Each structure stands twice: as structure tokens, then as C-alpha cells.
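Shown next as C-alpha cells: one chain only, the form deposited in one PDB entry.
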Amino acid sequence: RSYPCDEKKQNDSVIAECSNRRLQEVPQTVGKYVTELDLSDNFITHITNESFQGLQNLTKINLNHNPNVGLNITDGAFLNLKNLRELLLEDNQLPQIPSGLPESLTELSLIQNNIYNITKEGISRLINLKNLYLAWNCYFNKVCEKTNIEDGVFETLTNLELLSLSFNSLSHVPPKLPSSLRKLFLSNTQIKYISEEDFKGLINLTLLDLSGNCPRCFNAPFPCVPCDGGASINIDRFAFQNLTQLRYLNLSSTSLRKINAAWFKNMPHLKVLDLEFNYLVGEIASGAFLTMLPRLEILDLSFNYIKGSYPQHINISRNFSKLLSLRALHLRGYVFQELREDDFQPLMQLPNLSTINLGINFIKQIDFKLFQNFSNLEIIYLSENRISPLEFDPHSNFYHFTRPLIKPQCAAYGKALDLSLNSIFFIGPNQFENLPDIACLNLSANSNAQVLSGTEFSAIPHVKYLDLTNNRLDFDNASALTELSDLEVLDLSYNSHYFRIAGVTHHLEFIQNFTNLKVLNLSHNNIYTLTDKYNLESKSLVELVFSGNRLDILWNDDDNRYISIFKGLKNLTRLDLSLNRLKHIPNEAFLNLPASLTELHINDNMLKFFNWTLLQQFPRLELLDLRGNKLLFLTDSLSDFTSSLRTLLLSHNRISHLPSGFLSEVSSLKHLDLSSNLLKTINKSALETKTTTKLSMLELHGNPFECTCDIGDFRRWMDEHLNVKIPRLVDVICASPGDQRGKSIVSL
């Protein structure tokens, strides 16, 4: 669109995406209309006053991860960009803060460099700075120096709201912090003592992160240095006195054995309290601090286990009943054998508690009926226990994953129960009695070997999304699951166990019984043989995932029984036939795929040939995905066979000719993917649709191009249609002639 950069005029403003394009310099061709410039992930080793001459409306520049193999920045290189507000210089191996940065700046990131010198000369004049990131310059077993913070360097930054200094060796909270601060990150900074003076004047603070100071190092997944004797962090009883607005407090991995309730005396708006990786089993049981937390919404007490201990029960203070605003409680990694109804009484009147997380506790037994007696649990998270039948992203949390506990597609339906990664290897007749009205149920990876027979889920009959992936279900009864009459989504992925055995029964008849089944995933089941009924049928099903089965055997030329296997899926729009070892598809089998299809995937098979003519029988087909096969040839008469195709994905095949004509009157085609094929060239005509083109994406990288003078018309075409995104254009590489043998088009 603006080589070597794209642009988006989106919408008030103008972004030049010049990312990951192995540039060796800032390109001088950037349009002076651009406001934001992304130069990240290139090979840039120098920035000078020449670099942005040039581009006086620039308000943001992202130089992260250059050269991605440090970056050498001249004094005052940016100094004449009057409008520059945001400057990202992460992971550039910088040995110092660049000198002569512009006073315009409001955001500066210097995360993941080699800076151990924070000087007034560097930053004290940047008086418009709001956010300053200096995290991850010295940590673990990196070779590096303690951070030298010149006294009062930050004091003149009277607009500073965010300061991040985590993952650096500091030893003390810096003094003379501006009272504008709202968020102060000091994790893993080797700070053993927090004095009364350290945060005294910071009355605007809403976040304080002191995690990983005096860390808990047992079983640490990184190089970990504890305080002497694995001692607790030492926090003066008044250290938080003035922090009246505090909303987030992270004390994870500070080796706490005791929580000074007084810490929260003046902090009545605290909403999120993170106490993972301490030694708090005692405090969880007794727990004065728990009376001081009236507005607390999220409490994380995960991984406080005593090593080698495996108590029968979890011991929860009555004082949990004081957590009236609590929405989510995380108690992973306490480690205990049995959860009884009594043990959680202090939680049962908390009006807003919607999520309980007891993952990873090695729990053997649960009194399931206790959950009903909560006021309004929405998410009951029991994944990764022992229940049986009745390297680091600097912009992420370091102590826990932040992905939803339950997939949003499943939780959307209603109350959720996650029993994955346990040992519920069959479901007895009372397994789900006394539960709430579960809508979303996860029994993935229970090595369940049951003959489901239409009774097993009768006590939670309203499940709508059921995840049964990674079990070993035995399909010997045609009434399986049929008691779930409102079932919409059924994941049977990775249940190959019994499908792989010819000699036992495989009954999938049950599929047809559901009036509202929409999405079925039969992936990675190794299905090659069925009992009695060879046809799948449903008046409702939208999407069928059949990848990683054996259609190569089901559609074997000497066997006619499966030739209409999917035809009875009369509503189907989406079908995934990937990874079925197919070398060809019998024409009759293809013509019996449902005519309702809008999306068909046959990627990662071994197809030599595709019968294009048969697309005439699929007038609703919008996406066809044939990536990763062995195809040599495309039809020259595509518009004779489809008027509907919008996306055609043909990467990783053996296509050496692209017929002039291919284009013709195709019109619906938005997205054509020809990357990773055997293409020496591309003719003009092969694109120039004499109707209207919807062409907006055309992929070509990984073809052995030839950059003889003509050209082709291709380059001319490219400019004739600057609005056709062609990603990875730098990866479209002349393999010839030899004056180009590793060059990107174009350059003459």
C-alpha cells in the first residue's frame, strides 16, 4: 500500500504498519500524513536525526525488538518531533536511556534492555510523562548491574501516573516519587524492607505491586533467590497508611507467614488482593485481615501449600464471611484431600460470589451438594484434582494465567461446572445429584470409558455445552446423551480409544436425536468404521469437525457404504475434513457432501487432484480450504463452476501455473491464498476480473519467483490496486535471476 509499509487511514488518524519486514533502516518513503509508525521487529541498528526528517505529524513510534537478531540511538535523534507522545523502545539491547528525548512525550517504554542507569539528564526534563516502563532490565541469571537511580530523578515528573521498575535489582523503593503516581510496579526488585517513609506521600496510588520481594522459591520455574533463610518480606505496620485509594495490591511471593490486618486499616476501597505463593495456610484458617476487606472483589490465595503436606480438609476462617463484596476466590494449590459441606460454610452467604476456583489441589472427594447452598455461583472450577467416581511475557501477569477459567462460548450459556483433568472414569447413577442447574459442563480428560446410554446426565438435563474431549468413551448405545434435549455444542474430540478398534461397536446414531444440536466436534477420533448406520444425520447441525479421522478408509474405492456419510446433515454450513490422509475423493463422495455448505476444509491431506467441476453442485460455497495437499493444477474455468466463492486457500501445494483467465468474472473472490507453492511467475491477466473484483487479500510469499524485467504487469497491477493487502510482501522472494536470488520484489 505504501512500500515497504502498509497504511491504514483508520480513521481520524493514519497508521503505517511497517512491522516484521526485515528493514535495515527507517524507510525514507513514509508519507508525512502518518501519525503512528510501527517499525517493530525489523533489523534496524541505527536511529539518527535523518531517520524521521520527515514525518512531523508522528505522535507514536514503535521500535520494539530491533535489531531482532542493540539499537544505537543518537543524542536528540527524536528531538525535533514536536508531536511525538508515545515511544516504544523495548528489547533493543539499549545500554542507556537515549539522550535528548523530546519534552512532548507522554509514554516511554524501555522494557527488556540493558539500562542500569536512570539519570536526571535522561528523564528529568520529560515533564509530560504519564507512563514510564523500565521493567525487565536485570533479573534471574542475566549478567547485569544493580539499578542506579539518581536521587530525585522522578520528582520533577509531576504528571507521572504509572511507573514500572519490576525485574530490576533495586534493593530499596526509590525516594522522591511524585505524588501524581497512580500505579507503582516494584515486583522482583530485591527489596527486603518496606519502611514507613517509602509510600507516605502517595495518596493518589491505586495499584501497588511488591510481588516477588523475598520470594517463595521452592519449585520455582525461574532462577529464584530468597531473602536469607527464606524469610518474609518486612513491611512496616504503617507502610500503607496514606494509600487510601488503593484498589490493587499484589503481595504474591513475598514469603508472608503473617498478614498485618492493620495494613488495611485505611484502605477500604481495596478491590483485588493477590497473595499467591506465600505461606498463609495459618492465616487462611484464622485470618484477622479478612475482617478489613469490605469492598474486596477478587482474592487470590493460590499456591500457599506446605510442601509435603496433604491435609484431609481445607481450613477456612469464619472471617471469610466478612468478604461481602467478594466475586471471585482463587484457592488453587492449597492441597487437601476432601471438601465437605461444612468446610465452606463461611462462603455460603456471600451475596455476589460467582466464581470458586479449586484447581490443582489433588482433591479426592467432594460433597457436591454444598455448591447449591451458595447464593449464586456461576463458575465452579474443579479442574485438575483427583476426583473419582462417586520466556515470560513482560506485559502479562507473572504469577498466574489471565485467560478465562471457562471458555466464553460455554460459560455464555449459564452456570458452569468444570470437572476436567480428574479421574471420573465412569459416571455412576448419582454422580450429578444435588447440583445447580448446570448449562456448561467440562468433563474433558477424565479417561472416561462409559457406555453413555441416555440416563447419565438426567439430574442436570439442561446442559447446552458439553465438553467430553480427551476421554475414551465407548459408543455402544444409540441413546447416548439423548437426555440432554437442549444440547447445542458437543465436543467429542480425542476419544479415539475405541474408534481405533475394528471389532467393537461404534454407534453414532444418537446425533440425529437432538432438535437443537449446532456444533459437533469429532476431531482426532481415528474413525474408520461404524456399526449398522453408516450415515450421520441431523436437521439442526451447523458445524461438523471431522479432522483427524480416516475418510481415506471410509471412502475406499471398494466400499460404498459411506458414500453419503454427511449428506443427511441437511443444515450443515461448516465442514472440516482436514488430516484424514486423503489421496483422492471419489467424485460420488464429493457430490454427496451437503449442498447447504458454505465452508469446506480439506487441508493437510495428500490430494494430487481436485475436481473443480463439482463446485457447480455447491452454490452456497463461500470458503474452500485446500492448503497442505499435493495439488499441481488449477482450473482455467473457475467462474464456470462457482459464483459464490469468497475465500480460496491454496498454500503449501505444487502449483506452478496460474492460468491467465483464473480471475475471470469470479467477482465474489475476496481472499486468494497462493503462498508456498511452486510458482516461477504470475501473469497480469490471471487477476484482471472484467466484472467487479472483491479482491482485498492476495497471498504469495514462499514462491520461487523470477524477477526478469517484465515484471510482470504484476508489479504494475500491484500499484494499479494499492488496496489489495498482500501480507508478507517482503517474503515474496525473487529466486531469480541470480542478480536477485534472495531479493524481495520489487527493486528496479
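If you superpose the two forms and keep the largest set of C-alpha atoms that fall within 1.5 Å, you have the rigid core. Each residue number is its position in the shown sequence, starting from 1.
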What about residue 46, left without coordinates in a third or more of the other entries of this protein that model its neighbours?
no
Output yes if residue 715 is unmodelled in at least a third of the other compared entries of this protein, no if it is modelled in all of them. no
Counting residues of the deposited sequence that sit between residue 390 and residue 391 but have no coordinates, the total is 10 or more
According to the PDB record, deposited residues with no modelled atoms between residue 69 and residue 70 number 10 or more
Avg C-alpha B-factor, entry values, 568-576 vs 301-309, higher side is 301-309
Between 56-64 and 27-35, the record assigns the higher mean Cα B factor to 27-35
Scanning 539, 330, 608, 533 for peak Cα temperature factor in the entry gives 608
Among 516, 668, 409, 188, the highest C-alpha B-factor in the PDB entry belongs to 668
For residue 497, the third of its chain by CA B-factor is the lowest
Here the Cα B-factor of residue 509, set against its chain, lands in the third termed middle
In terms of its chain's C-alpha B-factors, the third that includes residue 368 is the highest
Binned into thirds over the chain's modelled residues, the C-alpha B-factor of residue 426 lands in the middle
The third of the chain into which the C-alpha temperature factor of residue 201 falls is the highest
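The same protein also has a form deposited in another entry, omitted here; what follows describes it.
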Out of 159, 540, 660, 232, the position with Cα displaced 2 angstroms or more between this form and the one not shown on rigid-core fit is 660
Worksheet entry | Large Cα move at residue 699 between this form and the one not shown, threshold 2 Å, rigid core | yes
For residue 721, does the CA position differ by 2 Å or more between this form and the one not shown when the superposition is done on the rigid core? yes
| said: At a 2 Å cut-off on C-alpha positions, does residue 712 qualify as shifted between this form and the one not shown after fitting the rigid core? | reply: yes
